[PDB]
Structure formats: C-alpha cells, structure tokens
Amino acid sequence: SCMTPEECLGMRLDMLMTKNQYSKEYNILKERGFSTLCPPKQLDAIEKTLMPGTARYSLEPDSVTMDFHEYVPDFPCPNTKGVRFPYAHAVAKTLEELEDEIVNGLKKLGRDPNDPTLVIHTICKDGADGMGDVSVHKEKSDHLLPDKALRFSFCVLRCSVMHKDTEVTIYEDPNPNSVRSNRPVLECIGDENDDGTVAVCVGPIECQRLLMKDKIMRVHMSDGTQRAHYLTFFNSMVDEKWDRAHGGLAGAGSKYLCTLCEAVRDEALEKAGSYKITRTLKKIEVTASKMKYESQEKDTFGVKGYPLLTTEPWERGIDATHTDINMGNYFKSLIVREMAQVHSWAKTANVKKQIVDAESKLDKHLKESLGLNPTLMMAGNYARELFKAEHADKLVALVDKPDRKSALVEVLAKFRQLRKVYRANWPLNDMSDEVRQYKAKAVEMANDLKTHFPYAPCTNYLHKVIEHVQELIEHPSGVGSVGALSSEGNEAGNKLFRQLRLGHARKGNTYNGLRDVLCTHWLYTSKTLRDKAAXXXXXXXXXXXXXXXXXXX
Amino acid sequence: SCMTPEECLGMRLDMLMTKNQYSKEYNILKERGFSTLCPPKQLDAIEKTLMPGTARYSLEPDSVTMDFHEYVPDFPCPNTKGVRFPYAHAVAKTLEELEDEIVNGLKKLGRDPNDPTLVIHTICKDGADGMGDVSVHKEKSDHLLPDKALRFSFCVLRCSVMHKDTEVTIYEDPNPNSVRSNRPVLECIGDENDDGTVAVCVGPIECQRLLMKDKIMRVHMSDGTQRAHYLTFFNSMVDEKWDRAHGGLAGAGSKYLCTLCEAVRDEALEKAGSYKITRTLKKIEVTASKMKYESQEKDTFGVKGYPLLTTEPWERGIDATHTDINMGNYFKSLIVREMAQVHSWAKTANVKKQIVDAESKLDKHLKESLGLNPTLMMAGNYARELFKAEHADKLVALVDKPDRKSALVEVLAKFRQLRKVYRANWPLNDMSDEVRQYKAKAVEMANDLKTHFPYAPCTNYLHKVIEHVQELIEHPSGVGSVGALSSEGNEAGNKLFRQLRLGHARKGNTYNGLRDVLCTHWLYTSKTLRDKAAXXXXXXXXXXXXXXXXXXX
Amino acid sequence: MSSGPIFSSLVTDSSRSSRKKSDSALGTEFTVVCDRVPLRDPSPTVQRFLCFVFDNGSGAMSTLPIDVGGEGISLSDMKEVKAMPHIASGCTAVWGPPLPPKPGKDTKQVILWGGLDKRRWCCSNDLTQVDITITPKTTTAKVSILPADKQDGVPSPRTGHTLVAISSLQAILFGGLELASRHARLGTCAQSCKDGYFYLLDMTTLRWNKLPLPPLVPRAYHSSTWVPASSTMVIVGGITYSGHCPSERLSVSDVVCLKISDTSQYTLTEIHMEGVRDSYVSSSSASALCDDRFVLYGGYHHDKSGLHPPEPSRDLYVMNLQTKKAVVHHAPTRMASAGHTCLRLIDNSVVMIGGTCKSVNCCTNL
Amino acid sequence: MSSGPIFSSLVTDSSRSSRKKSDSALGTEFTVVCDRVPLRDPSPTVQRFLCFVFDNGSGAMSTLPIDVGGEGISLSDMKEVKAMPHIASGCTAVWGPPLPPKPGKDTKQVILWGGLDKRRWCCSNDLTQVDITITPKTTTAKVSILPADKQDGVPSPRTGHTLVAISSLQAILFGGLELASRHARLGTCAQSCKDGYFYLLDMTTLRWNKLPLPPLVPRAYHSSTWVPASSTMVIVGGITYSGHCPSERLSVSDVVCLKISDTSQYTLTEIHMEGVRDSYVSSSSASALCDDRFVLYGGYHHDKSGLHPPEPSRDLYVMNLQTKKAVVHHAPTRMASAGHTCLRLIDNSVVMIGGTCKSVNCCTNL
DNA sequence: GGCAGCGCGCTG
DNA sequence: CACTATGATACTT
DNA sequence: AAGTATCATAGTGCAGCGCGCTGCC
DNA sequence: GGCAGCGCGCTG
DNA sequence: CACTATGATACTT
DNA sequence: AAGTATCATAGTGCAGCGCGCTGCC
Ligand SMILES: [Ca+2]
Ligand SMILES: [Ca+2]
Ligand SMILES: [Zn+2]
Ligand SMILES: [Zn+2]
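Protein chains in written order, with the deposited numbering: chain E, 545 to 602, 631 to 1125; chain A, 545 to 602, 631 to 1125; chain M, 1 to 366; chain N, 1 to 366.
This is the structure we're talking about:
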C-alpha cells in the first residue's frame, strides 16, 4: 500500500518540483484518498541523510561564508554573502556513493573486503566561474550586493591507476561533461573584477585542497567494512579570464600568450614546448625585494606577474568547450577579411567601412540559409554550425576568385579532420594514430595558414592548439585527454542556478534563501538518487535502426 | 482503482507540469505498478473538449494570424507571427462555464429553465499591452522578428442589471484583478512602435467586437436547455501609451492632457468635466478634406488627432493600478525638489547638480531603513511602500524646516485618506459617503498643493484623479468603480507568458510553438478546472485569529 | 547606348544624413524629370535629371530629393518636408498641368492614387494633388487631399498598379484589385472579385469616364509605361485574381489609343513573341522603358517559388515590340545583386538608365 | 581658535577629475606637512599645508595630493603615480630622515607599516620606504619595499594601528593584532592571542628593540597621536582581543618617555577623567590632536551596536589631559553628517583642523 | 622620460 | 565531436 | 491502440586590461 | 516662416 | 488598498 | 506529531514624441 520515501525523493527532483507543490499533490491524493506518495515529514528525515558531513577520514551543515564578528567593523569586510561546505566532507560523501559501483567494479579479480591489499587510485577535476545580473533584494542594510554570483563545483572521472599489471579502467561515469554529475561546493553572491573576495571565499577552499591532494586516504567507517582511496585532482575549468588574474599573469598578454609556456606574441613558428612551473613566485620576490617597477623590467621575465600567485597546481590548464567560441570568432573573422579585398587586421578609417559592410552582407546571407541573429558574444550552438561536415559551401558562397575559396574550405577541412582530438571524451581508447600524429598534423595546419595567408594573427588559443595538446595528452600520470576534462558541466549548472533561485527556493531573505538553493542543488546530483529514479526499460523496437530500411523515420 | 481524467487535468495545471513530466510520472508509477493517474492518451481526448468553438450563437482551432497567400509577395506583409481565436467562440465557451453558477445564482426567485422570461445582463472588460525582449530563434528566412509580443485577453465581472426591481448582484468572481480568470484571445510575436501590425491582428478583433456589443444573445444549445445573455463590455486596460497612438491623440500632449476631456496644459483649476465622445473623427475629415497641416491648425481642435481613430468605444478609459507608478514618480520627485531648497521644475546647469545630489542622498537614506535599489522604471511593490500608513516620518526625515515637513506629510495623509476610492474592487457597496464626497475632497487635495506649493505641475494622471473619477463612478449604466476594472490581470499574465514559453512549450519552430503556448494558456484559466482542483478543506484552528491573545503568531 | 555596365553607384556614409544609410528605398514610388535650374551643379555642361525620390507616407520619410546629376549619384539634400500624412504603397502618376511661370522657379503638380492604409488595413482611394515648386537652394510644398466629394464616377479602391497618361488631361489606366476583408469576410479571402475596366481620367475634372470595350477580365496587377513616338502601352502579368494560379506569361497585351490626333478607337490585341524561356513576370515589377524597345526587369534576386513553372529569376528581358516582327532578345545581363524592386528612368531617342531597389541602394544602368 | 564651524568644503564636479567625485576617501591613510614651495598658490600670503591624501594600494588609486591651501579645499592635481603595488589598510607613520637639499626642491621619506593583503587574505608586515620629492608643478616618486631580509627582531604581522615617533630614529609604537586564519584554523577564529608589547623602532637600522616594561596586555587596536611640548602619548580603546567584549572606556593610558633629553624610563599609568557619559571609543578611530588638549572623534554616524553600553554616537570628545586636573568637556559639537572615519590635521600652539571621511568627502573643522 | 589620448584586440 | 529540455506524429510493436 | 523515435532547437558560458602607436611635454 | 539643435518632461 | 509564489517554524489541534 | 499560519518579499508592467525655448536663417 504505502511507499518508500527514497522513491518519492527521486520522484521530486527530475520534476524540479518545489516542496510546496509536492505537499499539494500529497494533500490532493490524500483528500481523494489514494494510497500514494509519502508525506513531507517522511521526506525531511532522510533529507538530512544525504547531506555532507556524515563520515570520517584518513556538525551543523551549511556554514556561513563570513565566519567572523558582526558588531565590530575593524576588518573591512567586503560585500559578499553565500553558503559553502567543508570540502573534505563533500569528497567523502561522494565516496560513499560509488562504493557499490566498486563492488561490481572489482571484477575478474574479486578480493573485495581486503583493506590493506587493493588501494584504489581515483582522479577528478574542479574549477570555478562567475555569473552575471541576478536580481537583488531589499537587504535592509547600508551597502548593496553587486548583482553576481560565484559557483565552485567538482566532478569525478577515473578510479584505477595503482591496480595490477593488467591496469584496467573500471568506472568512467559515462556522460561525463554535464549536469547531474556535478557536486556543488561554493555558491555565493559576490563579484570578481573589483574582486577582493576570492581570497575570502575561494582562497581557504584551495588552502584545504592543498592538504587534500596527493595522499592515500580511507573512507573511515563507511558501511560495515571501510574502503581506502588515493585522491588526485586536475584544475582546468579556470578559463582564460580567471586564469591570469589569479594565476598571476596579465590577461591580454601582448608579450607572453600562454599560461603554460614562454612565448613571444609575434611567433607563428614551429613550437615552444617549455612548461614553466611555479617559477613565477620567485620572480615575484625579486620584484618584491628589489625596485617593484624598476628591477628586471622585461629583463628576466619568462612571464609578467604582479601578485604572489593564488590557486596552486600550475602545470595543468586548458579548456576544450570554451575554445569553440574563440575559434569561431577567429574563422568568421577570417572569412569577413576575405570577403572584401583588404589586408592588415585593423579598423582603419578607409578599411573598416568595407569590413563592417561585408560583415553585414555575410550576416544577411548566412541568415538567408541558416541562423545568426546576434553579433557579439557568440554561443556554442552557433559555434557547432561553423564546423559541421556539411554547410561548407554556404559559408563561402559569396567569396569569388575560387582559388581563395578552395583554400578557405581546405583550411576548415583540415580543422574538421583534426578537431576530433579535443572534445573527444576518451582518446587513448580511440583515434590513437591521430593522437600520435596530431603534432605534425597541427604543424601542417598552421603551415596552411602560413603560406596561403600573409596575415598570420596568433591569438591566445591557436598556441593552445598547435602546441600544448600532443604532449599534454601524451604526458605521463595525467589523464590523457582534454575533452572529458572540460568545463561545460558548470555552465549548464549555471542554467540551473537561476532556475533553482529565481522563484524556486526560499525567498524574502537573501542569506536564508541561498542556503536553500545550495541544499537542494546538493541533493539534485546524488548518483544514489538518479540510479533509483527515472530508470525503467523502454519498449524495444530492435535498436530503433531498421527493419530493413529507413535510417531516418 | 483507476481514476477520472478531469482530476488529472486539474492536477497538472497548478503544478505547471509540462506534458512530458506528467508522462514521466505516469511511467514511473506504472513501472512500480501503482493504480494511479491516467495515461496522456486519456488526457488528450478531453483536452479538445474545453477548446473554444464548441457551441452556437444568437472547425479547426488555433487559426493562423496571417490568412493570406505565401507564394505571392504583392501585399507588403509586415513582420508578425502568432495565433488567435475567433472572439465569439471565446465568449461562448466561458458562457458555458458559469451556467452552473447561475443555477445556484438564481436564488430567492428560482424559475430557472424559463428562456424568454429572465434575460441575464452580463458585463465585462478587455484590453491589450505589449511586451519586451523575448528570445528569437533561427527562423530560416530573410527577415527578423523584432523581439516582442502582443497579448489580448478579457475578464468577466457582473451578470445582473435587467433583473427585478430587487436588482441584486448574484456573482462577482471574487478575486477579480488577477490571473486564473483571464481568458486569452491574441498572442503574437510582433512590435507596436514602428507598428503597422495592430491593424492586421488586433484591428479585425475590434471589428468583430463591434458586431458583438450591445446585443441580446443566446448560448445556443448549451446543455439540455439553452440560456440567453446580454453582452456588455468596457475597454479600459489600454494604458496611456496605447491610449493615444490608436485613440488618435498625441502622447505627451502639451495642449490637451486627457483622453476624456478638453483641457489646457496650464490649468490647475477646479474642474473640466466635458466628455468628448467620437467627435474627433469628424475633425479628422475636416483636416482630411481640407489642407492637412494648414486648416483649423490649433483652431477648432478640442484635441489634436492625426489618424482615423481605431478601437471604438471612446467614452470609457482609465486605469487604477497603472497610476501608482506615476503617483510615486510624482511624489518622490516632489520630496526630492523639497530636499534641496530649489524651485522651478527643470534641470538647469546650476540646479540639477543640487537635484541629483539630493536624490542620491535620499536614495541612500531610504536604503538605510527600507529598500530602493533601482532608479528608473519604478515597480508597484516600490509604489505601495510610499503610501502605507506607517513609514511616513522616514520619508521626510532629512527634510528640515519642520513646517514644510508637516505640510509634506499632510498632503500625503490626504492622499492616503482619499486613495481608498480607487483600487477598491467594489465601491457603491462600501465607503459610499467617501464616494459621494470624493469630488470635493479631491478639490481640497488639489487645494493643498495650490497654497503650500507655488510649483503646481499637473501631469497626465492628476487630471485623472481630481476629476473624471467622481462622475465616472457616479455615471449610470456603467459599472460604478475603477478598481476591479483595472489592468493588472494582463501583467501577471505576462509573467506567465515568458514562463509558458521560455522552456515550457514546443520549441524548435516559432509558429508551431506559440500555438502550444496559447493552447495551454487557454486551458490554464477554465473555472471548470480550478473548481475541480486545489479545492480541499484546511484543518480549522478557530479562524486563525485568537485563542484569546496574539494577533500575530 | 544600351547594354552598358552595372554602375553600383556610391553609397552614403551617414555622416550628414539620417541614421539609415539611405537604405530606405523599400516600398518607394516617385518621379523624375530632365529639367533646368541646375541647383545641384551650377555648371554650363551638366544637364541634370531633377528628382524627388521619396513620395510616400508609411513607406519611408515623407519626401526626399536626390543628387542624380548628369552621370553620378550622391546625396545633395535631406527633407522631411510635409512630414507623413501621406499614402502607403500606392502609385505615382503622370505630372499635372503646368502653371504660369515665375522669375526664378518652376512649377510641378504630382498626382498620387491608390494604396493601402497604415491605420485601417483596408482599401483607400486617396486622390491626392501635391504642388511642388523648385527655386534654387530650397523648395516648397503644398498638400491638396481630395476625398470622394470632388470625385465623379468613383472607381473601386484597390491594391496596386502604375499609371500612365498623355501629359495633359487624358486617360490614366488600370489599377489592381484587393480581395479586401470586411465585416464577416475573414475566413477564406482567397476568392476572385473582378472589374477589369478601362477608365479615362481627366486630370482637372475629377471624373473616371470608363472607355467602352468588351473587357478582358484577367491580368491587372502590373503593367508597363506608355511610350511616345508612334505610341503604344503594354500590360504585363502577375495576377490571376486569386493568389493561387501563377502568371507565367508568354505574350503581351497592347492598350493604345489607335488614332492619336484625337482620343478615339480604343482597341485591344495580344502579340506572342520570340520567347526566350517563359514567365515574363516573377510576380513582381518591371514597368520600365527604352527608346525603341522596352526595359523589363523584375526577376527573383531570391527565388520565391513560382507556382507552376520553375522559371523566373533576376535577369533582364528586353522586348522588341516596336518591330512588326515583334521578338524578344536580351541585352548582356548585368547580373548584379539587384532584382524584384525596380523603378524607372527613361529618355527618348537614347538609353539612359537609372533605378532603385529595396535596401541595396544602387543604380541599374544600361 | 577652537570650537569653530562645520565648513563642509567644496565638492568636485568630476569635470577634470576621474569618475569618482573624489568620494574614494574610504579606507585611506596619509600624512600632511605645513611646508614651503607654494606650488598651488604662488602668493606672498598663503602659507600652505602640503599634502598627499592617498598613500594606499587596494583602498583607492595609488597616490594623490590635494588642494589644501591656506583656508579652502578644492582639487589641484590628479595622480596615479606608482600605480598600485601598495599596501592595504595599514598605517602611515612618521616622516623619515631628511636628505641633503637641492636648488628648487625638497625631500621626504614616508614609512608604511602593517596591513592586510588584497591577494592572500592574511597577515602582512610590509615595511615600506617611499621616497617623495616635491619640485614646482610636478613631483616624482620612488618605491623601496623591504621584506624580512633587512628586518631584525621581526614583530608579528597584524591588523591595524597608527604609529607615532620623535622625528628621527626613535620609538614607533603599538600595532594591533589579527586572529588570523591559517591551515586548520577556519572554525571558531573568535579566540584571543596576545603580545601587547613596547617596541622601539629605529628608522634607519631596521630593528624593533622591544622596550622593557611589565606588559599591560589588553587594548591594542586604536590609539592617539604623540604630542610635543612637555610630551605625552595616549592609547584609546576599541578591542578586547575577541570581538565579543566591548571597549566602553572611562579612562586613558599614558605611554611617554619620562625624561626626554635622552630616551629612557619607560613607564605606564592610567588616569580617570571627568567622564561625560561613558565609552570613549565607538569601536572606531579618533586619534587626532590639538595644541593644549586632544581632539577625539570617532562616534557612530550610524549606530552600530555597542555590545554592553547603548552609549556611543557621533559627537566630539575633547580631553584636558595636559591639565593635572585632567577633566573632559566638550567643544560645541558641530553635528554634521560626519563620523566613524576621521584623519587628522594638527598644528602647534593654534587650532587648525582638517579631516576626511568614507565617501562624504568633507572637512571637519574646529 | 612619461603620458594620456586613440584605437583596438585580446577574452569575456 | 556536451547533455538535458519541449510537444505532435509517423512508424513500429 | 501503446510506445518510442524523430524533428529541430534553447538553455549558459555576458569588461578589464594591455599593449602599440601617437604627438607632446 | 522654419528649423534643427538643446533640453527636457510626459509615459513608458 | 492586486494575487500567486517560496521554505522553516512557532503555535495551535 | 500533523497542520496551518506567519514571515517577508519577486514576479511584470521596460522609447517615441511633443512640446518649449533658442538663435539663426
Ligand atoms: Ca562566467
Ligand atoms: Ca507593456
Ligand atoms: Zn604555450
Ligand atoms: Zn480630463
């Protein structure tokens, strides 16, 4: 008759049904008298079960993100309000989840409850990015809230290095670059350009991350027997504007373009391949103990750096998904430059009229067969149309003088052929000859720009394509890819963040409401829930491919 | 065991549960095997029942809003796409709803199935207003879609004039200025400033409305017996920017300020009380048959008019709810003008610095006890704080020289005392001495501005307060109010309009998706549904007022 | 000199004009005369086409001249004179009767007829006289709207056409109908209502005396311009009263006063041609002329679907109707970006070609 | 002349300055000297306080002078000279040793000590020398950051204070501590760690020789400024190491070198006063001086809650500590909008008062 | 030796 | 060569 | 008549900065 | 007699 | 003196 | 231990136009 509360809790989340609506449906089928879903007092018992902070290591949830006094304005507290977790409990509660997966994951060997025997080598990733223009409330105070929010989350990818000579991957979380495998850590209302605050909220999380990393742990008193793990991370969701203003460097660059190598702006040459690692801190001190702007000024700098270098592990950083936007802003720009017979990238007073008019003509012509409404701030759906295997002739159809047309399609064709390296979730398990030839293939692709075009602008992502990808995937003890290591799982999460706040969560008080954003957003992404909900068997129709016909319909 | 489909259809709408989510919950409790809600194939049978166009008068739904050819571009078709209904079917289907209400509404007389005996005198209202900045799709064409939308809906208020000498109101729809009693007629994607299109979509709806109005009808072959009605309407949701650019007149005015009277800009006198009615059309023809800009130029004009006067019944128009914004922009402006000792409303190069600095001081001081984040485009929630019975001292606390402080609070106190006339749903059933003295009371309120202030600006709504309210409510055969005749039910409906489109309805094709907006938004507001759903009895606690204590908690 | 190059004329930088780049040539209708007082180039050489490229209401700004000099095209003036009470897409007919001259300026009378409404979305028969007068360095304007009071034998108000006439007081021809929606009409306005009539329109006496003929009913939406010099006037296709049957044209139709020393013997004939492919009209407008032949544009710059033939496209068709062996050839087709909205610029005994467009503000030249 | 009016000085129209209306006086720390070279008014009458009102990093723009002339206040210059590598809310100590003069310009040495970090959010002990030199119509600057290499007897880096000293090479006093968060500290940083020590700081030889005394532990967050003319220096309240016990002060505390002809006999005493109400400090800053007494602001322009007393508010307190009958009265309190952030401007044997604020850029005058 | 404009390109 | 989201409807079961 | 599959696409990544010239001091 | 700026105030 | 929407929790049943 | 009631507030109303001066022709 009556039911299981975990079934109801799994039922609620895929609806994104707010709590009062579930109470209303419970009351309706109660008043009609149907043996049905559980009451919410049966829910909020086990709602505190899945909250973090219920394990041990190698009691109030939802801690305030200020953690100092109120009545004494001696510290200049910056304008920020939000809720965070302790990071280690957030690691451990996710570790409680995949325990049963490891049980069916320790196959072809077994020997499962052997604690000092088989130590599991897991590896994950994290990152943070800001927001823009979320609504502001009454706030009853004497200082505003600057419109924006910070979020910090982290995923889980692999769990096998330290295994046998038959070192075999046993769990990959098959999506993996998405929502519903992103566990939240930090939500706060703040701002990051006149920043002041990342050292208040995000700073101590990284100072905890240093104590986390590179250590054998045990999920202490898990469930009956324990289970050990070796935690490893990979910080690469820190896309370029975040990269340098807290990785010490300077954003637009104009002297050193990469946050991995040392390279001149004006080099379209073969390679750099240098891998600066944490040296810059020492070159802070030489600027700090001697003549801040007048010592070693553009003299010893492998790369310019103002501050003393927040978040730590700088030998690993690139994104994949957040390069298609700059690749599109590169190639559509090149097509516009080709459209009117101009040269020398600029907006000169007798050239930019031709440039803007040809760009408007390209916009209307691309509208007459495809879609481009906006002009600025390209979207990834507009990116993927510009690299699909079809529609290549439609992107060049106004370009006369067909030799330039053939070369312009040929460079894009090289780009399609060699684009499959990144935004592939697992290379080294596919396309491995392309993986072992991609450096020479990308040198050829830059060579095609080198001879058919005298322009050669090298923006901040071409140097992250024609180098820093072959050796990056090739590198030992990393992961061996960039695609599954990307940063789209936060961004669709940001699509949820307005959606879980703008008329979803507690309203009427800012700090009391953002906590209820974070609580249900933590409950949204437990795999223990999504394995228990929405898991049925659809009616089979012989793999939905063919009777013997009709690849479509 | 199994259930009623109307119960399920009422269950879905208060959730705003999208159709696939209901299919998902049906599949989940089906796979768990619980005798529960109906399948969606049981829904879409009776989903076509409640659609309009299933009665007769005194078969495809969802007609296209172009209704001419495609292959022949001879007419310059303007950029617009949307879905409308035939208006008369939309009247009749709502008439099918309240039939059972009339059955229990014909009380203390009875004589219910007597068709030529008791003719029911109903009366309603309508109006339209635009939108702003809704997302644009691919559209696969050679012309854009200008970001915006038009909506047109209509309510139902009263149903008793032509009854006995004991002429008694029998149904009032108790909310009534809200959503869930607004039935849609027109949704379209268009624009109204470089308009062209209101004569395409809205125009024929008003040309149908002329054939509708002032006629005894019968809801032909209703349910067993028929039922007659006498339809009457009242177009007043047409707030000021809509009022003149299709009521012929000129928006800012500066010579004639009211769309009911003929009045000079520079008259803060006793009254006007003139009631121009449809005369302007004749003064179009005298400008049309003679010397368009050089005949009767500011000579015969009771009011300036360029065009030949769209939508008809111009003797009735004002809003109540959309005056609090201009009243707040009046009174906060007056408080700012009082804050620094200035005169003569302007922004002079030696005065507007004082004005802006005092306004910023007032903004920060009001922030230190209450809330005002923005500057432009005031909201009604910010309006109602400026007229609440408390907080009056906090709005004047920076104003020194306490005689001006006392007068400034006194004028607002007159405004609170005499504000209860409008935004009351039914005067002539309450506050009737205020109703019979409000003209002299408002003359006194304008007299208070007259003597304690030498400024006297008369904006376009003070003339709609100190006149055109007493006689408007007093007028025979109207309704006898302005408050329940207001225009907020559209605007919260606009809060639903993004909400039923932005990731709710059909997506991927504009015209096919906006139809599914309109269909579920028509299904959202049937009273036959909301009487069948969400109607339970809460657990009583002796009217939730007192045991004998504690007016709060 | 026929068969001359493209001449994409020089665009406007919006430096001293309004914020449109002069791209508002969509939905425009105007006239132009080779006329004196060279107030845009006071030179002893440059004969100048005087012009007012805007004569509309809801299409654009109210009225506007242009810098069509002798050879080149630029800006020379910006008006909003008599700011928009005017007509929708209507016509722009033959010049009115001349006035007594003045020491320094010349007089013009413009007739405007037919069109939609920007306010009612229905028919309109706004007979409109506009007085235009040109002195150096400025002009003036007067408006004379005349509704049906002065009108005698009122024709049915209707959609679209052009109008041609002998230069004083004579016949003005062949409007194009609307299937207008009225009260109780809004369902299935794809019907077919018809007049198809001659009407002689005296310019001063406002009287549409319909000339006697057994009426050829179909094909009244487009036409050509009346020709001098052993005169003729031709109608071209574009309509079947319904919006459902195409107008794939392989012949023409001559409306001409037969003995032009008086105004008599109004007959009608059709002449098949040396047809290149098919489908003379792309359901759009050509209507322009030449000195011994026609200049007929009109094709699809963008291939909106012809109903039965997959024929029509943006090229130029030139008809040798003046020859008794009436044939059709082509000039070398200057396949620019143009098409589907052209307006004329003719000259007798010589080829001098101008034209406008929708928003590709350019020049069609032959 | 003490007890003079408000003098809300004249605001900046942002016509030739940056886009801040000079309202960026929040979180600022500076010095000022009555000094020659009247480069802002070359007159034989107007003696001028020379000043550089910005000496900060993350608080504002990097550095900035001001048009404090003889009497009135305006703008005269806008800098971003040595653009922001500098310190957070730290101190701004006593002027450094003078340099050999030059024909046309004068030399200055500024010491900066203590403060937060805009990048690490922890302690910092940035001992900073800044060379300042003023010629007419422009200046120059040099930066000399010195970390702990040249530092001998390094004190614990800490939150906030002011620093006073005899004009050359002598004792510089009483920083204010942080309950700093470290690794494994983030829960309950409401503890109490203490030093409470004298330290004599030679300006040239970077050595914090801690002067011997049995240490009064509490009350090191605010203080006053050292006074000449039978010298004295006073500490004022504001802290109980915890952020949980208030600092309702009814007495003062004299730190003074006893026999100032040498630098010896460092003692300590407290003196109760003619207390007006209670609670000398509103948990904020006064620290300013006068010529025979003190000028002590600091009260709540906005009443943030005192913990135990409901006493503190925006008025001026003036202490008669120079009198052996040490009493407390008031000057007539110019209750302007000011409060809670004041910086000093003193002069010997006369009352000449200036001050800044958070964003109400004004002048405190007595 | 600065120095504050254009003037724009980098990534948002 | 992100995934997750929407509602008819044509084509299997 | 029940049940997927297919069709096309929206959602969200949303200003500082740092050059490189320039006369121009 | 226009006439196109400020210059802003009306209602959005 | 619009109504409808959100989630604890204090106070009734 | 079940059930309302209370607490505070977000949501949506989101550029044309028409004066009234002005020298300025
Ligand atoms: Ca971001
Ligand atoms: Ca609106
Ligand atoms: Zn690199
Ligand atoms: Zn009026």
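Every residue, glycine too, gets a C-beta built ideally from N, C-alpha and C.
Reduced DSSP secondary structure (H/G/I, E/B, other) of residue i
| i | result |
| --- | --- |
| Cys696 of chain A | strand |
| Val143 of chain M | strand |
| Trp1094 of chain E | helix |
| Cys123 of chain N | coil |
Backbone CA spacing between residue i and residue j [nearest angstrom]
| i | j | result |
| --- | --- | --- |
| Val740 of chain A | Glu834 of chain A | 37 Å |
| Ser242 of chain M | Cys91 of chain M | 22 Å |
| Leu553 of chain A | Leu587 of chain A | 7 Å |
| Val252 of chain M | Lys966 of chain E | 39 Å |
| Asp1103 of chain A | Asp672 of chain A | 12 Å |
| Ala969 of chain A | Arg956 of chain A | 19 Å |
| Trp208 of chain M | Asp152 of chain M | 7 Å |
Proximal chain A residues relative to residue i, where beta-carbon distance stays under 7 Å
| i | result |
| --- | --- |
| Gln565 of chain E | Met559 |
| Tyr221 of chain M | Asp646 |
CB contact check: residue i to chain A, cutoff 9 Å
| i | result |
| --- | --- |
| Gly702 of chain E | no |
| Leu186 of chain M | yes |
| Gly160 of chain M | yes |
Cross-chain neighbours of residue i in chain M, by beta carbon under 7 Å
| i | result |
| --- | --- |
| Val644 of chain A | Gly243, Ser283 |
Min CB distance residue i to chain N below 9 Å
| i | result |
| --- | --- |
| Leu906 of chain E | no |
Beta-ladder partner(s) of residue i, from DSSP
| i | result |
| --- | --- |
| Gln129 of chain M | M:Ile111, M:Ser144 |
| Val154 of chain M | For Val154 of chain M, which the question treats as bridged, DSSP gives no partner whatsoever. |
Chain-ordered neighbours of residue i on chain E, where CB pairs are closer than 7 Å
| i | result |
| --- | --- |
| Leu112 of chain N | Ordered by position in chain E, no residue passes the 7 Å Cβ test against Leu112 of chain N, which lies about 13 Å from the chain. |
| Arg119 of chain N | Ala771, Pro879, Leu880, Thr882 |
Chain M contact residues for residue i, given Cβ-Cβ distances below 9 Å
| i | result |
| --- | --- |
| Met863 of chain A | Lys142, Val143, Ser144, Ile145 |
Any chain E beta carbon closer than 9 Å to residue i
| i | result |
| --- | --- |
| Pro85 of chain N | yes |
| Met547 of chain A | yes |
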